[PDB]
Structures are given as C-alpha cells and as structure tokens.
$ cat upload-v3.tsv   # TSV, C-alpha atoms and all ligand atoms
chain	number	residue	atom	x	y	z
B	3	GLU	CA	82.31	94.90	114.01
B	4	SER	CA	79.34	92.57	113.38
B	5	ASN	CA	77.94	92.08	109.87
B	6	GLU	CA	74.48	93.28	110.81
B	7	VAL	CA	76.02	96.53	112.11
B	8	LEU	CA	78.26	96.92	109.01
B	9	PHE	CA	75.42	96.22	106.59
B	10	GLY	CA	73.38	98.73	108.60
B	11	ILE	CA	76.15	101.32	108.11
B	12	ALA	CA	76.25	100.59	104.38
B	13	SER	CA	72.48	101.34	103.95
B	14	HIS	CA	73.17	105.00	104.85
B	15	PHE	CA	75.25	105.54	101.69
B	16	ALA	CA	74.21	105.85	98.07
B	17	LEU	CA	75.71	102.49	96.91
B	18	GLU	CA	74.73	101.24	93.46
B	19	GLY	CA	74.34	97.54	94.03
B	20	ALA	CA	72.98	95.08	96.53
B	21	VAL	CA	75.60	94.53	99.22
B	22	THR	CA	76.89	90.92	99.32
B	23	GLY	CA	79.68	91.31	101.90
B	24	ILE	CA	81.72	93.73	103.99
B	25	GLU	CA	85.16	92.48	105.09
B	26	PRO	CA	88.15	94.13	106.84
B	27	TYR	CA	90.63	95.34	104.23
B	28	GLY	CA	94.08	96.82	103.80
B	29	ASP	CA	96.96	97.79	106.11
B	30	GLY	CA	96.06	101.30	107.37
B	31	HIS	CA	96.83	101.48	111.09
B	32	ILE	CA	94.44	104.24	112.09
B	33	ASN	CA	91.06	104.11	110.35
B	34	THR	CA	89.13	100.87	110.11
B	35	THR	CA	88.59	99.93	106.50
B	36	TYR	CA	86.34	97.38	104.80
B	37	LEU	CA	85.82	96.18	101.28
B	38	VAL	CA	82.15	96.32	100.36
B	39	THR	CA	81.28	93.72	97.69
B	40	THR	CA	77.94	94.24	95.85
B	41	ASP	CA	76.23	92.46	92.89
B	42	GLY	CA	77.67	95.47	90.99
B	43	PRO	CA	80.52	97.77	91.95
B	44	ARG	CA	82.91	97.63	94.92
B	45	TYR	CA	83.36	100.25	97.64
B	46	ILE	CA	85.78	101.07	100.48
B	47	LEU	CA	83.94	101.70	103.77
B	48	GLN	CA	85.89	103.40	106.54
B	49	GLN	CA	85.31	104.25	110.12
B	50	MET	CA	87.21	107.44	110.93
B	51	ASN	CA	89.10	107.22	114.15
B	52	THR	CA	87.60	110.15	116.04
B	53	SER	CA	90.04	110.06	118.96
B	54	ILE	CA	92.84	110.65	116.43
B	55	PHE	CA	90.84	112.94	114.11
B	56	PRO	CA	88.39	114.59	116.57
B	57	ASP	CA	87.38	117.30	114.13
B	58	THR	CA	85.45	115.18	111.53
B	59	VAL	CA	83.90	118.30	109.92
B	60	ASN	CA	87.34	119.90	109.29
B	61	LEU	CA	88.83	116.61	108.12
B	62	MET	CA	86.02	115.99	105.61
B	63	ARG	CA	86.23	119.63	104.47
B	64	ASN	CA	89.94	119.12	103.58
B	65	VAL	CA	89.37	115.75	101.83
B	66	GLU	CA	86.48	117.29	99.95
B	67	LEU	CA	88.53	120.32	98.82
B	68	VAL	CA	91.50	118.18	97.74
B	69	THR	CA	89.34	115.64	95.87
B	70	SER	CA	87.02	118.20	94.22
B	71	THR	CA	90.05	120.23	92.95
B	72	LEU	CA	91.62	117.08	91.52
B	73	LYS	CA	88.30	116.15	89.88
B	74	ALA	CA	88.03	119.70	88.42
B	75	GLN	CA	91.37	119.05	86.69
B	76	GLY	CA	90.31	115.64	85.29
B	77	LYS	CA	92.64	113.80	87.68
B	78	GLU	CA	91.60	110.54	89.31
B	79	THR	CA	91.30	110.69	93.06
B	80	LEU	CA	89.23	109.28	95.90
B	81	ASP	CA	85.52	109.49	95.01
B	82	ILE	CA	83.40	110.08	98.04
B	83	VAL	CA	80.11	108.23	97.77
B	84	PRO	CA	77.58	110.49	99.51
B	85	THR	CA	75.04	109.35	102.09
B	86	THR	CA	71.49	108.83	100.81
B	87	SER	CA	70.80	112.36	102.06
B	88	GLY	CA	73.82	113.72	100.12
B	89	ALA	CA	76.26	114.31	103.02
B	90	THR	CA	79.92	113.41	102.47
B	91	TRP	CA	79.99	111.20	105.61
B	92	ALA	CA	77.57	109.85	108.13
B	93	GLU	CA	77.50	109.90	111.92
B	94	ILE	CA	75.98	106.67	113.12
B	95	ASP	CA	75.66	105.69	116.78
B	96	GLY	CA	78.64	107.71	117.91
B	97	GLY	CA	80.68	106.53	114.89
B	98	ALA	CA	81.96	108.53	111.93
B	99	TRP	CA	81.77	106.72	108.56
B	100	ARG	CA	82.64	107.47	104.93
B	101	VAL	CA	82.56	105.49	101.63
B	102	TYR	CA	84.94	105.67	98.64
B	103	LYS	CA	84.50	104.11	95.22
B	104	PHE	CA	86.82	101.10	94.91
B	105	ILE	CA	89.66	101.94	92.59
B	106	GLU	CA	89.65	99.36	89.81
B	107	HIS	CA	92.52	97.78	87.82
B	108	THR	CA	95.20	98.71	90.33
B	109	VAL	CA	97.98	97.04	92.32
B	110	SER	CA	99.74	98.30	95.43
B	111	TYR	CA	102.78	97.29	97.42
B	112	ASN	CA	103.85	97.01	101.04
B	113	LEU	CA	107.31	96.15	99.81
B	114	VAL	CA	108.96	97.63	96.71
B	115	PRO	CA	109.64	94.73	94.31
B	116	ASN	CA	112.04	96.64	91.98
B	117	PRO	CA	113.54	100.13	91.62
B	118	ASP	CA	111.10	101.14	88.84
B	119	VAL	CA	108.06	100.85	91.09
B	120	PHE	CA	109.71	103.13	93.68
B	121	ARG	CA	110.84	105.68	91.12
B	122	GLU	CA	107.24	105.89	89.99
B	123	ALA	CA	106.23	106.37	93.64
B	124	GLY	CA	108.69	109.31	93.98
B	125	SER	CA	107.40	110.74	90.72
B	126	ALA	CA	103.77	110.50	91.93
B	127	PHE	CA	104.51	112.03	95.37
B	128	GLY	CA	106.73	114.75	93.83
B	129	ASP	CA	103.95	115.65	91.42
B	130	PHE	CA	101.40	115.54	94.28
B	131	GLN	CA	103.50	118.23	95.95
B	132	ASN	CA	103.32	120.35	92.82
B	133	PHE	CA	99.56	119.96	92.89
B	134	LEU	CA	99.35	120.88	96.61
B	135	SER	CA	101.39	124.09	96.10
B	136	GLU	CA	98.28	125.49	94.31
B	137	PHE	CA	96.61	125.76	97.76
B	138	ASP	CA	97.05	128.45	100.46
B	139	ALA	CA	98.16	127.03	103.80
B	140	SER	CA	94.97	128.66	105.11
B	141	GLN	CA	92.69	126.44	102.95
B	142	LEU	CA	93.92	123.22	104.54
B	143	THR	CA	93.65	123.34	108.38
B	144	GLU	CA	95.83	120.82	110.20
B	145	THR	CA	93.80	117.75	111.03
B	146	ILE	CA	96.28	116.67	113.71
B	147	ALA	CA	98.44	119.17	115.66
B	148	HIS	CA	102.27	118.77	115.85
B	149	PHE	CA	101.95	115.87	113.44
B	150	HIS	CA	105.60	115.72	112.30
B	151	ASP	CA	106.92	117.95	115.04
B	152	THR	CA	109.50	115.38	116.14
B	153	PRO	CA	110.49	117.25	119.39
B	154	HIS	CA	106.82	117.22	120.41
B	155	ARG	CA	106.66	113.51	119.54
B	156	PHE	CA	109.78	112.98	121.69
B	157	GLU	CA	108.01	114.75	124.59
B	158	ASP	CA	105.15	112.23	124.20
B	159	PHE	CA	107.71	109.41	124.07
B	160	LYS	CA	109.44	110.61	127.29
B	161	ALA	CA	106.10	110.81	129.16
B	162	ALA	CA	105.14	107.30	127.97
B	163	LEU	CA	108.57	106.05	129.00
B	164	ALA	CA	108.43	107.58	132.51
B	165	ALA	CA	104.87	106.37	133.06
B	166	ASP	CA	105.83	102.83	131.88
B	167	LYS	CA	102.15	101.97	132.46
B	168	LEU	CA	102.39	98.23	131.70
B	169	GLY	CA	105.96	97.60	132.90
B	170	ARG	CA	106.98	96.96	129.29
B	171	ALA	CA	110.06	99.18	129.48
B	172	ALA	CA	112.31	96.57	131.11
B	173	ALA	CA	112.18	94.34	128.03
B	174	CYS	CA	113.14	97.14	125.60
B	175	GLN	CA	115.99	99.10	127.08
B	176	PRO	CA	118.11	99.00	123.86
B	177	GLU	CA	115.25	100.48	121.81
B	178	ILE	CA	114.44	103.09	124.43
B	179	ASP	CA	118.07	104.18	124.73
B	180	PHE	CA	118.39	104.48	120.97
B	181	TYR	CA	115.61	107.13	120.90
B	182	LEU	CA	116.93	108.89	124.05
B	183	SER	CA	120.46	109.09	122.67
B	184	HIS	CA	119.28	110.61	119.36
B	185	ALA	CA	117.31	113.45	121.03
B	186	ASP	CA	119.80	116.05	119.79
B	187	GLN	CA	118.77	115.24	116.17
B	188	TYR	CA	114.98	115.78	116.35
B	189	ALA	CA	114.58	119.53	116.02
B	190	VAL	CA	116.41	120.13	112.70
B	191	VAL	CA	113.35	120.41	110.45
B	192	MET	CA	111.08	122.13	112.98
B	193	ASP	CA	113.85	124.68	113.65
B	194	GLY	CA	114.32	125.30	109.94
B	195	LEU	CA	110.57	125.85	109.48
B	196	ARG	CA	110.37	128.23	112.46
B	197	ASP	CA	113.23	130.48	111.26
B	198	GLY	CA	112.28	130.57	107.58
B	199	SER	CA	115.32	128.61	106.32
B	200	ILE	CA	113.03	125.76	105.22
B	201	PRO	CA	109.87	126.70	103.38
B	202	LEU	CA	106.45	125.78	104.78
B	203	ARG	CA	104.52	123.88	102.06
B	204	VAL	CA	101.23	122.01	101.92
B	205	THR	CA	102.33	118.40	102.14
B	206	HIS	CA	100.74	114.91	102.20
B	207	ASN	CA	102.32	113.78	105.50
B	208	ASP	CA	101.63	110.01	105.16
B	209	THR	CA	103.49	109.09	101.95
B	210	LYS	CA	104.15	105.41	102.62
B	211	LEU	CA	104.20	103.25	99.46
B	212	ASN	CA	100.86	101.52	100.10
B	213	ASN	CA	99.05	104.88	99.90
B	214	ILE	CA	99.67	104.95	96.06
B	215	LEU	CA	97.77	102.70	93.69
B	216	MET	CA	99.53	101.72	90.44
B	217	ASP	CA	97.77	100.64	87.29
B	218	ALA	CA	97.86	96.86	86.92
B	219	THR	CA	98.65	97.20	83.18
B	220	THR	CA	100.84	100.33	82.70
B	221	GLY	CA	102.47	100.47	86.16
B	222	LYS	CA	101.82	104.24	86.31
B	223	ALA	CA	100.50	105.77	89.55
B	224	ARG	CA	96.70	106.00	89.32
B	225	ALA	CA	95.73	107.72	92.57
B	226	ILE	CA	97.03	108.73	96.01
B	227	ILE	CA	94.57	107.21	98.47
B	228	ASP	CA	94.80	108.41	102.06
B	229	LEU	CA	94.24	112.17	102.02
B	230	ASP	CA	93.65	112.61	105.75
B	231	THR	CA	96.92	114.24	106.88
B	232	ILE	CA	97.26	116.77	104.08
B	233	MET	CA	98.21	120.03	105.83
B	234	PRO	CA	101.14	122.47	106.00
B	235	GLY	CA	104.57	120.90	106.59
B	236	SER	CA	107.95	120.45	104.94
B	237	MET	CA	108.63	118.64	101.65
B	238	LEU	CA	111.11	116.73	103.82
B	239	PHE	CA	108.19	115.11	105.70
B	240	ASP	CA	106.93	113.56	102.48
B	241	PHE	CA	110.42	112.58	101.27
B	242	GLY	CA	111.70	111.12	104.55
B	243	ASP	CA	108.57	109.11	105.29
B	244	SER	CA	108.58	107.53	101.79
B	245	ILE	CA	112.23	106.49	102.22
B	246	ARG	CA	111.37	105.19	105.70
B	247	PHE	CA	108.73	102.75	104.41
B	248	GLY	CA	109.87	102.11	100.87
B	249	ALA	CA	113.71	102.09	100.87
B	250	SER	CA	113.60	99.12	103.31
B	251	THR	CA	114.23	95.59	101.98
B	252	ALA	CA	111.62	94.38	104.48
B	253	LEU	CA	108.10	94.96	105.79
B	254	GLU	CA	107.51	97.60	108.44
B	255	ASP	CA	106.76	94.80	110.93
B	256	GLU	CA	109.30	92.21	109.82
B	257	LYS	CA	110.14	89.99	112.80
B	258	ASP	CA	113.44	88.80	111.35
B	259	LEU	CA	115.83	91.75	111.60
B	260	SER	CA	118.52	90.11	109.42
B	261	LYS	CA	116.10	90.74	106.50
B	262	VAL	CA	115.86	94.49	107.31
B	263	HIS	CA	118.21	96.76	105.30
B	264	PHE	CA	118.26	100.29	103.99
B	265	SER	CA	118.73	100.13	100.18
B	266	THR	CA	120.72	103.01	98.65
B	267	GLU	CA	119.57	101.86	95.21
B	268	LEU	CA	115.95	102.18	96.33
B	269	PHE	CA	116.88	105.55	97.86
B	270	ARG	CA	118.26	106.58	94.48
B	271	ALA	CA	115.24	105.45	92.47
B	272	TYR	CA	112.74	107.31	94.72
B	273	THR	CA	114.93	110.40	94.69
B	274	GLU	CA	115.19	110.41	90.87
B	275	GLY	CA	111.42	110.26	90.57
B	276	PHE	CA	110.74	112.78	93.34
B	277	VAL	CA	113.42	115.36	92.67
B	278	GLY	CA	112.67	114.90	88.96
B	279	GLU	CA	109.24	116.48	89.64
B	280	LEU	CA	110.32	119.09	92.14
B	281	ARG	CA	113.64	120.24	90.58
B	282	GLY	CA	112.44	123.79	89.95
B	283	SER	CA	111.19	124.31	93.50
B	284	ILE	CA	113.60	122.36	95.76
B	285	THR	CA	115.85	124.80	97.75
B	286	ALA	CA	119.50	124.19	98.67
B	287	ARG	CA	118.60	123.62	102.33
B	288	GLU	CA	115.89	121.11	101.39
B	289	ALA	CA	118.37	119.26	99.15
B	290	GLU	CA	120.95	119.25	101.92
B	291	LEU	CA	118.46	117.62	104.31
B	292	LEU	CA	117.06	114.98	101.94
B	293	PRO	CA	119.19	112.06	103.32
B	294	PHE	CA	118.67	112.96	106.95
B	295	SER	CA	114.91	113.48	106.49
B	296	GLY	CA	114.98	109.71	106.07
B	297	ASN	CA	116.65	109.26	109.46
B	298	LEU	CA	114.26	111.77	111.01
B	299	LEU	CA	110.91	110.39	109.86
B	300	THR	CA	112.08	106.81	110.56
B	301	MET	CA	113.09	107.82	114.07
B	302	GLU	CA	109.85	109.75	114.55
B	303	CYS	CA	107.67	106.86	113.44
B	304	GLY	CA	109.77	104.35	115.35
B	305	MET	CA	109.53	106.35	118.60
B	306	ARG	CA	105.78	106.56	118.06
B	307	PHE	CA	105.58	102.76	117.70
B	308	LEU	CA	107.67	102.33	120.86
B	309	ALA	CA	105.64	104.93	122.80
B	310	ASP	CA	102.48	103.07	121.78
B	311	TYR	CA	104.02	99.75	122.87
B	312	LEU	CA	104.83	101.23	126.32
B	313	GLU	CA	101.30	102.62	126.57
B	314	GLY	CA	99.56	99.33	125.80
B	315	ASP	CA	98.91	99.89	122.08
B	316	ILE	CA	96.29	102.61	122.22
B	317	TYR	CA	97.16	104.39	118.95
B	318	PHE	CA	98.18	101.95	116.17
B	319	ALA	CA	96.21	98.80	115.24
B	320	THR	CA	98.11	95.68	116.30
B	321	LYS	CA	97.68	91.95	115.66
B	322	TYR	CA	99.62	90.59	118.69
B	323	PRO	CA	100.98	91.93	122.00
B	324	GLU	CA	104.58	92.66	120.81
B	325	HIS	CA	103.58	94.06	117.37
B	326	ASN	CA	104.59	97.63	118.18
B	327	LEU	CA	107.97	96.45	119.60
B	328	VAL	CA	108.58	94.51	116.37
B	329	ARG	CA	107.71	97.64	114.37
B	330	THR	CA	110.01	99.90	116.34
B	331	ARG	CA	112.92	97.52	115.81
B	332	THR	CA	112.69	97.53	112.03
B	333	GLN	CA	112.79	101.38	112.19
B	334	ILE	CA	115.89	101.40	114.43
B	335	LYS	CA	117.69	98.90	112.15
B	336	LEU	CA	116.94	101.07	109.11
B	337	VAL	CA	118.28	104.21	110.86
B	338	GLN	CA	121.44	102.33	111.84
B	339	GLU	CA	122.07	101.54	108.16
B	340	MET	CA	121.07	105.05	107.02
B	341	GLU	CA	123.70	106.51	109.40
B	342	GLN	CA	126.30	104.06	108.11
B	343	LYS	CA	125.47	104.92	104.46
B	344	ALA	CA	125.16	108.71	105.00
B	345	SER	CA	127.96	109.77	102.65
B	346	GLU	CA	126.64	107.43	99.91
B	347	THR	CA	123.20	109.07	100.11
B	348	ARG	CA	124.68	112.55	100.26
B	349	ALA	CA	126.53	111.65	97.02
B	350	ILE	CA	123.32	110.21	95.46
B	351	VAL	CA	121.38	113.41	96.11
B	352	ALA	CA	124.32	115.60	94.86
B	353	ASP	CA	124.55	113.54	91.72
B	354	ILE	CA	120.77	113.86	91.04
B	355	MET	CA	120.82	117.59	91.89
B	356	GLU	CA	122.19	118.07	88.32
B	357	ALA	CA	119.25	117.61	85.90
K	1	LIG	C1	97.33	109.69	111.37
K	1	LIG	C2	98.48	108.82	111.61
K	1	LIG	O1	98.98	108.73	112.72
K	1	LIG	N1	99.03	108.05	110.50
K	1	LIG	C3	100.19	107.12	110.73
K	1	LIG	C4	99.74	105.78	110.20
K	1	LIG	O2	99.49	105.82	108.82
K	1	LIG	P1	98.21	104.99	108.20
K	1	LIG	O3	98.16	105.28	106.75
K	1	LIG	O4	96.96	105.51	108.82
K	1	LIG	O5	98.44	103.53	108.48
K	1	LIG	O6	100.76	104.78	110.37
K	1	LIG	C5	102.03	105.19	109.77
K	1	LIG	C6	103.03	104.14	110.01
K	1	LIG	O7	102.87	103.05	109.25
K	1	LIG	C7	102.49	106.53	110.24
K	1	LIG	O8	103.65	106.88	109.50
K	1	LIG	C8	101.44	107.58	110.12
K	1	LIG	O9	101.83	108.87	110.66
$ encode --input "upload-v3.tsv" --output "structure tokens"
Amino acid sequence: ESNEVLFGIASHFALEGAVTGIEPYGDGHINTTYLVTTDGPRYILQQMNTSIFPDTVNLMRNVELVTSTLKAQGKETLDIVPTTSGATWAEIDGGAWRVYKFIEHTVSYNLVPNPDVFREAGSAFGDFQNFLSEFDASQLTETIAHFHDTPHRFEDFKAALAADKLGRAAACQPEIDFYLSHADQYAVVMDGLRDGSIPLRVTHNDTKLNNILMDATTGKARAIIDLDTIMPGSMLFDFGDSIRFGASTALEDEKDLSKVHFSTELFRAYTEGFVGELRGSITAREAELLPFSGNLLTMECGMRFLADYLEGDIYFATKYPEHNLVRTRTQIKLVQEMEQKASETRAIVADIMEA
C-alpha cells in the first residue's frame, strides 16, 4: 500500500497527533497491520481481510462486545479508536479498516525464551477462558465457519491436493502423505463436541504466543491482542494451538529442521499456568485430551499451510514462494516429536491434575 493511500486512511480516524509515518508491522498472517507514528501517541492500523472475514459488521460487533466488557471490568484490552464520525471501523474504497491504540511498555515473543514466559502465557490464556465463560454462546457469532473443525479442514486439504493447481504436489509427497495418513485422528474433538462429551465453550481460537503482550518491566501479561476469532469452541482449541506455536524450540517458519523440537518442559510450564487457572472447570475428558490437542491443532494448522502452498498461497501472507512449505514442515516435525513424547506429556498433565 502506498503512503499517500495509508495517510489517507489514517485521516478517517480520530487520531490525536499529526501522523509522521505508517509502516507494515508485526507477524499476523491474515490482516494487514501498520504502526502509525505521530508527533504524539502511536496507533495500530489494520486492514481487515474481507475474503476471510466477510461479515465485517458481525466481526466488529464481537470485538466491540469483548473489549467493552473488559473495559467495564477495568481490564486492559484493545482500544478501538473510532472514526471521526464515531464508527468503530471505516469502509474506504472497498477496504475495511480499524485503528487500535498502541499498547505501551510491552514486549512480545515469537519464540519462548524461558519457561516462565510460557507459564505466564498459559496463565493469561487460562484466565481469558474464565472471562469468556461469562458470555452466552449466542452473544458471540462465529466469524469464520468450521474454524477448528479439523475434518472440514481435511476436506479442504484433499480438494487442494487433488486440484494440485500449480503442480506443487510432486515436490512435497512426504508432507502430503503425513496428513493423509493421520486422517483417522482429526475428528476426536469435533466428535466429542457433537455428542456432549466435551463441553462447548466460548474460546479465543488463535492463542499463539505473539497474540499476548507482556509488560516490559513486570513480565506479567498486559493484554490479549487479536480478538477476531473469539467464538464457541473447545478449551482444547486454545490449549493445543498455544502448545503448537509456543512449545516449539523454533520459529513457525524455521528453515532448518534440526532446530525444530517439541519441548516437554515448555509443555509443562504452559500447562501449569493454564490448568492453574482452569482447575475448577476442566473436565476429565478435557484433561485426557490435553496432550493430543497439541497434535491436533499442529496438524490442523500444518495441513492449512500445506493446502495454501498447493493452492498458490491465497490464504496466509508469505515472503517467498516456498514459505508455506517451510511452515508445514516445522508443524510435521513438532507432531513427530509430540507422538514420540506422548507418555511423557500424559504424565505431565496427570501430575499437574493434582493442585
Ligand atoms: C483467521 C485465521 O485463519 N488465523 C490464523 C492465523 O493467525 P494470525 O494471528 O492471523 O496470524 O495464522 C495462524 C498460524 O500462524 C493460524 O493458527 C490461525 O488460525
């Protein structure tokens, strides 16, 4: 996006300083995000991806409900900066744009640097789930259908595979066959939700580590910062996805696979934090599935990366042609180690399930 256009977008919002610069920012794969520097405060400017979130009204209604409820409890959250006409987002030339106050005095991580950071992440996400349980499922309409319905994701994967639109399949048979051969594992959570053996809860659904800001002084979680996929789900979606991103010893798109490991110690630290908040609500079935929810969300996200690769990278932002193939391979490597360490993680959860 050109500067002139971006600065044009910025003039629609009630900013409280003269804009000095607007630059791409952060690692979100879906929305396009910019840091707005002014002669005063800073702001996050985002373009909402309307092919992924077609219902902008419903999405902004959810974000607005979640944020306003958090504000009404004196909890720090994302602060929508309204347009100059007081709307919570602006439609400009076929684009959908919103502005958040920049969250000051924070750090965030793409890679956990020690167990204490990750424990705090589990504590923050566990507590977020407590907060979300105050809502009826009916107040928070799904903003994307079948979002962690892994069998439905596998259907998309299969169709992308059979289409093989770019002829990319030939160079990634091992990765493809990994997802094919695990097909029998995908329905466990959806089946549990459908038959009542796993409770339906309002969940965050994108709980990767870089969606929590930590205070730069105290190290405590300050705010959860990507509220877009809050909707009904399983607690296991939030748990498994955190483990997926944050129990790795390497970046999601690490090119050197020898650096990619699943850390049981990181698994333990997140679990202590997370289960420590949710001890009084976690059911026996949920506890039983905690380790495998890691496998499941890693496989779901990995298959999505691979599907996108095969489709010519139409869903996730990428920085080079193979980026999605590189991403899928870290996910596969992590699942391989999670399988191998399954009894260790079962023991870790059992241990912790004794507060
Ligand atoms: C709406 C959507 O598809 N969000 C994706 C997307 O999250 P972002 O926070 O938008 O980068 O990338 C994640 C993988 O890094 C994936 O886990 C998640 O489901």
$ residues_around --input "upload-v3.tsv" --residues "residue 101 (chain B)" --least-positions-apart "6" --cutoff "12 Å" --atoms "all atoms listed in the file" --output "compact mmCIF listing (two decimals) with C-alpha atoms, in the coordinates of the input"
# COMPACT_ATOMS: atom_id res chain seq x y z
CA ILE B 11 76.15 101.32 108.11
CA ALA B 12 76.25 100.59 104.38
CA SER B 13 72.48 101.34 103.95
CA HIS B 14 73.17 105.00 104.85
CA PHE B 15 75.25 105.54 101.69
CA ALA B 16 74.21 105.85 98.07
CA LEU B 17 75.71 102.49 96.91
CA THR B 34 89.13 100.87 110.11
CA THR B 35 88.59 99.93 106.50
CA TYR B 36 86.34 97.38 104.80
CA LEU B 37 85.82 96.18 101.28
CA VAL B 38 82.15 96.32 100.36
CA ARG B 44 82.91 97.63 94.92
CA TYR B 45 83.36 100.25 97.64
CA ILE B 46 85.78 101.07 100.48
CA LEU B 47 83.94 101.70 103.77
CA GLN B 48 85.89 103.40 106.54
CA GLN B 49 85.31 104.25 110.12
CA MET B 50 87.21 107.44 110.93
CA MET B 62 86.02 115.99 105.61
CA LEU B 80 89.23 109.28 95.90
CA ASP B 81 85.52 109.49 95.01
CA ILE B 82 83.40 110.08 98.04
CA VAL B 83 80.11 108.23 97.77
CA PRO B 84 77.58 110.49 99.51
CA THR B 85 75.04 109.35 102.09
CA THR B 86 71.49 108.83 100.81
CA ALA B 89 76.26 114.31 103.02
CA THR B 90 79.92 113.41 102.47
CA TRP B 91 79.99 111.20 105.61
CA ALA B 92 77.57 109.85 108.13
$ residues_near_ligand --input "upload-v3.tsv" --ligand "ligand LIG 1 (chain K)" --cutoff "10 Å" --atoms "only C-alpha atoms and all ligand atoms" --output "VMD selection string"
chain B and resid 28 to 34 51 54 to 55 145 to 146 149 to 150 207 to 213 227 to 231 243 to 244 246 to 247 254 to 255 299 to 300 302 to 304 306 to 307 317 to 319 329
$ atom_distance --input "upload-v3.tsv" --atom1 "CA of residue 272 (chain B)" --atom2 "CA of residue 253 (chain B)"
17.2 Å
$ residues_around --input "upload-v3.tsv" --residues "residue 133 (chain B)" --least-positions-apart "6" --cutoff "12 Å" --atoms "all atoms listed in the file" --output "ChimeraX atom specification"
/B:68-69,71-72,75,77,126-127,203-206,226,232,279-280
$ closest_residue --input "upload-v3.tsv" --among "B:276, B:188, B:239, B:181" --to "residue 202 (chain B)" --atoms "only C-alpha atoms"
B:239
$ residues_around --input "upload-v3.tsv" --residues "region 331-341 of chain B" --least-positions-apart "2" --cutoff "7 Å" --atoms "all atoms listed in the file" --output "list in words"
residues 250, 254, 255, 256, 259, 262, 263, 264, 297, 300, 301, 304, 327, 328, 329, 343 and 344 of chain B
$ write_last_selection --input "upload-v3.tsv" --atoms "C-alpha atoms" --output "compact mmCIF listing (two decimals), in the frame of the given file"
# COMPACT_ATOMS: atom_id res chain seq x y z
CA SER B 250 113.60 99.12 103.31
CA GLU B 254 107.51 97.60 108.44
CA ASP B 255 106.76 94.80 110.93
CA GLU B 256 109.30 92.21 109.82
CA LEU B 259 115.83 91.75 111.60
CA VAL B 262 115.86 94.49 107.31
CA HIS B 263 118.21 96.76 105.30
CA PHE B 264 118.26 100.29 103.99
CA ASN B 297 116.65 109.26 109.46
CA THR B 300 112.08 106.81 110.56
CA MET B 301 113.09 107.82 114.07
CA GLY B 304 109.77 104.35 115.35
CA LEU B 327 107.97 96.45 119.60
CA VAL B 328 108.58 94.51 116.37
CA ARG B 329 107.71 97.64 114.37
CA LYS B 343 125.47 104.92 104.46
CA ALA B 344 125.16 108.71 105.00
